[PDB]
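Colleague: Can you read through this structure? Questions will come right after.
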Amino acid sequence: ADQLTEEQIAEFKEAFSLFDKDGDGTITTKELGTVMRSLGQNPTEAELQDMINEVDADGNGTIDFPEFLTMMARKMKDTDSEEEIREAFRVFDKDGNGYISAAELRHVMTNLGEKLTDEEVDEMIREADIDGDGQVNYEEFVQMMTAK
Ligand SMILES: [Ca+2]
Ligand SMILES: [Ca+2]
Ligand SMILES: [Ca+2]
Ligand SMILES: [Ca+2]
């Protein structure tokens, strides 16, 4: 961690300032769990504890400024899954431009083994479609997947 002087410390700081809700310099299930669920992880106590202990080095329990830096490194790959989902997005996108229209997706759904109508699909679009242009782009699609 020699190549992480004030230069890096400042950067990582922000990533460690948002998590630390209490405002002391540590992170716990309460904090980490407050941001982790924001993305769509909703990790259980056992999960948070395991992640906290894994990074916990000092030997106290709650992640610190230095220890945290360790997670931000491993947690960077944990999200990699993003791609694993991309593939799916492609399938739906027939034309292959970026936005998944109602018709494009509508057809896909059928393949599964059912017969849906503009109405049925409409209810779906209003789910992922954020802006409301009758489309479901990558971003809009991702949210849906991680939306309960
Ligand atoms: Ca804290
Ligand atoms: Ca710690
Ligand atoms: Ca499309
Ligand atoms: Ca859209």
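We name chains A, B, ... following the order of the structure tokens; residues begin at 1 in each chain, and ligands are numbered from 1 as shown.
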Between chain A and ligand 4, at 12 Å or less, what are the per-residue closest atom pairs and their distances in Å? Count only C-alpha atoms and all ligand atoms, order by chain and rising residue number, and return it as JSON lines.
Modeller:
```
{"residue": "A:98", "atom": "CA", "partner": "ligand 4", "partner_atom_place_in_ligand_line": "1 (Ca)", "distance": 9.9}
{"residue": "A:99", "atom": "CA", "partner": "ligand 4", "partner_atom_place_in_ligand_line": "1 (Ca)", "distance": 6.8}
{"residue": "A:100", "atom": "CA", "partner": "ligand 4", "partner_atom_place_in_ligand_line": "1 (Ca)", "distance": 7.8}
{"residue": "A:101", "atom": "CA", "partner": "ligand 4", "partner_atom_place_in_ligand_line": "1 (Ca)", "distance": 8.2}
{"residue": "A:102", "atom": "CA", "partner": "ligand 4", "partner_atom_place_in_ligand_line": "1 (Ca)", "distance": 10.1}
{"residue": "A:124", "atom": "CA", "partner": "ligand 4", "partner_atom_place_in_ligand_line": "1 (Ca)", "distance": 11.5}
{"residue": "A:125", "atom": "CA", "partner": "ligand 4", "partner_atom_place_in_ligand_line": "1 (Ca)", "distance": 8.0}
{"residue": "A:126", "atom": "CA", "partner": "ligand 4", "partner_atom_place_in_ligand_line": "1 (Ca)", "distance": 8.9}
{"residue": "A:127", "atom": "CA", "partner": "ligand 4", "partner_atom_place_in_ligand_line": "1 (Ca)", "distance": 9.9}
{"residue": "A:128", "atom": "CA", "partner": "ligand 4", "partner_atom_place_in_ligand_line": "1 (Ca)", "distance": 7.3}
{"residue": "A:129", "atom": "CA", "partner": "ligand 4", "partner_atom_place_in_ligand_line": "1 (Ca)", "distance": 4.3}
{"residue": "A:130", "atom": "CA", "partner": "ligand 4", "partner_atom_place_in_ligand_line": "1 (Ca)", "distance": 5.8}
{"residue": "A:131", "atom": "CA", "partner": "ligand 4", "partner_atom_place_in_ligand_line": "1 (Ca)", "distance": 5.6}
{"residue": "A:132", "atom": "CA", "partner": "ligand 4", "partner_atom_place_in_ligand_line": "1 (Ca)", "distance": 5.8}
{"residue": "A:133", "atom": "CA", "partner": "ligand 4", "partner_atom_place_in_ligand_line": "1 (Ca)", "distance": 5.2}
{"residue": "A:134", "atom": "CA", "partner": "ligand 4", "partner_atom_place_in_ligand_line": "1 (Ca)", "distance": 5.9}
{"residue": "A:135", "atom": "CA", "partner": "ligand 4", "partner_atom_place_in_ligand_line": "1 (Ca)", "distance": 3.8}
{"residue": "A:136", "atom": "CA", "partner": "ligand 4", "partner_atom_place_in_ligand_line": "1 (Ca)", "distance": 4.3}
{"residue": "A:137", "atom": "CA", "partner": "ligand 4", "partner_atom_place_in_ligand_line": "1 (Ca)", "distance": 5.4}
{"residue": "A:138", "atom": "CA", "partner": "ligand 4", "partner_atom_place_in_ligand_line": "1 (Ca)", "distance": 8.7}
{"residue": "A:139", "atom": "CA", "partner": "ligand 4", "partner_atom_place_in_ligand_line": "1 (Ca)", "distance": 8.4}
{"residue": "A:140", "atom": "CA", "partner": "ligand 4", "partner_atom_place_in_ligand_line": "1 (Ca)", "distance": 6.1}
{"residue": "A:141", "atom": "CA", "partner": "ligand 4", "partner_atom_place_in_ligand_line": "1 (Ca)", "distance": 8.6}
{"residue": "A:142", "atom": "CA", "partner": "ligand 4", "partner_atom_place_in_ligand_line": "1 (Ca)", "distance": 11.5}
{"residue": "A:143", "atom": "CA", "partner": "ligand 4", "partner_atom_place_in_ligand_line": "1 (Ca)", "distance": 11.2}
{"residue": "A:144", "atom": "CA", "partner": "ligand 4", "partner_atom_place_in_ligand_line": "1 (Ca)", "distance": 11.4}
```
Colleague: Extract, using only C-alpha atoms, all DNA, RNA and protein residues at most 9 Å from residue 105 of chain A, discarding same-chain residues fewer than 6 positions from it, and format them as a ChimeraX atom specification.
Modeller: /A:91-94,121,136
Colleague: For the residues in the current selection, export N, CA and C atoms as a short mmCIF file (atom, residue, chain, number, x, y, z; two decimals), in the first residue's frame.
Modeller:
```
data_model
loop_
_atom_site.label_atom_id
_atom_site.label_comp_id
_atom_site.auth_asym_id
_atom_site.auth_seq_id
_atom_site.Cartn_x
_atom_site.Cartn_y
_atom_site.Cartn_z
N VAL A 91 -29.90 -11.19 -26.03
CA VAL A 91 -30.96 -12.08 -26.50
C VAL A 91 -32.23 -11.29 -26.81
N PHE A 92 -32.69 -10.53 -25.82
CA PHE A 92 -33.90 -9.73 -25.99
C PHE A 92 -33.75 -8.75 -27.15
N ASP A 93 -32.64 -8.03 -27.17
CA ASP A 93 -32.37 -7.06 -28.23
C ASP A 93 -32.16 -7.76 -29.57
N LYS A 94 -33.21 -7.83 -30.37
CA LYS A 94 -33.14 -8.47 -31.68
C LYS A 94 -32.27 -7.67 -32.64
N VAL A 121 -47.09 -7.20 -22.34
CA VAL A 121 -45.76 -6.61 -22.46
C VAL A 121 -45.74 -5.19 -21.91
N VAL A 136 -36.60 -0.57 -23.34
CA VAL A 136 -35.87 -1.12 -22.20
C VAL A 136 -34.39 -1.30 -22.53
#
```
Colleague: Please indicate the distance in Å from atom CA of residue 106 of chain A to atom CA of residue 123 of chain A, rounded to one decimal place.
Modeller: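 If I compute the distance from atom CA of residue 106 of chain A to atom CA of residue 123 of chain A, I get 11.3 Å.
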Colleague: Enter the distance from atom CA of residue 47 of chain A to atom CA of residue 32 of chain A, in Å, rounded to one decimal.
Modeller: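 Separation of atom CA of residue 47 of chain A and atom CA of residue 32 of chain A: 10.9 Å.
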Colleague: If we count only C-alpha atoms, what is near residue 52 of chain A at a cut-off of 7 Å, once residues fewer than 4 positions away on the same chain are taken out, given as a PyMOL selection string?
Modeller: chain A and resi 48+56+62-63
Colleague: Could you pull out the residues in segment 4-136 of chain A that DSSP calls strand (DSSP E or B) from the backbone, as a PDB file with N, CA and C atoms, in the first residue's frame?
Modeller:
```pdb
ATOM      1  N   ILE A  27     -16.981   0.906   9.455  1.00  0.00           N
ATOM      2  CA  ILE A  27     -18.144   0.417   8.726  1.00  0.00           C
ATOM      3  C   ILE A  27     -18.647  -0.899   9.311  1.00  0.00           C
ATOM      4  N   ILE A  63     -14.820  -2.552   9.885  1.00  0.00           N
ATOM      5  CA  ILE A  63     -13.820  -2.154   8.902  1.00  0.00           C
ATOM      6  C   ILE A  63     -13.301  -0.749   9.182  1.00  0.00           C
ATOM      7  N   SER A 101     -37.254  -2.607 -27.615  1.00  0.00           N
ATOM      8  CA  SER A 101     -38.635  -2.183 -27.811  1.00  0.00           C
ATOM      9  C   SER A 101     -39.606  -3.245 -27.306  1.00  0.00           C
ATOM     10  N   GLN A 135     -39.346   1.680 -24.163  1.00  0.00           N
ATOM     11  CA  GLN A 135     -38.159   0.892 -24.476  1.00  0.00           C
ATOM     12  C   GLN A 135     -37.469   0.419 -23.200  1.00  0.00           C
TER      13      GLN A 135
END
```
Colleague: What is the distance between atom CA of residue 36 of chain A and atom CA of residue 13 of chain A, in Å to one decimal?
Modeller: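 About the pair atom CA of residue 36 of chain A and atom CA of residue 13 of chain A: they are 17.5 Å apart.
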Colleague: Between A:37, A:68, A:50, A:10, which has the minimum distance to ligand 1 (counting only C-alpha atoms and all ligand atoms)?
Modeller: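 Among A:37, A:68, A:50, A:10, it is A:68 that comes nearest to ligand 1.
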Colleague: Nearest to residue 85 of chain A: which of A:59, A:64, A:146, A:15 is it, counting only C-alpha atoms?
Modeller: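 Under the stated criterion, the closest residue is A:146.
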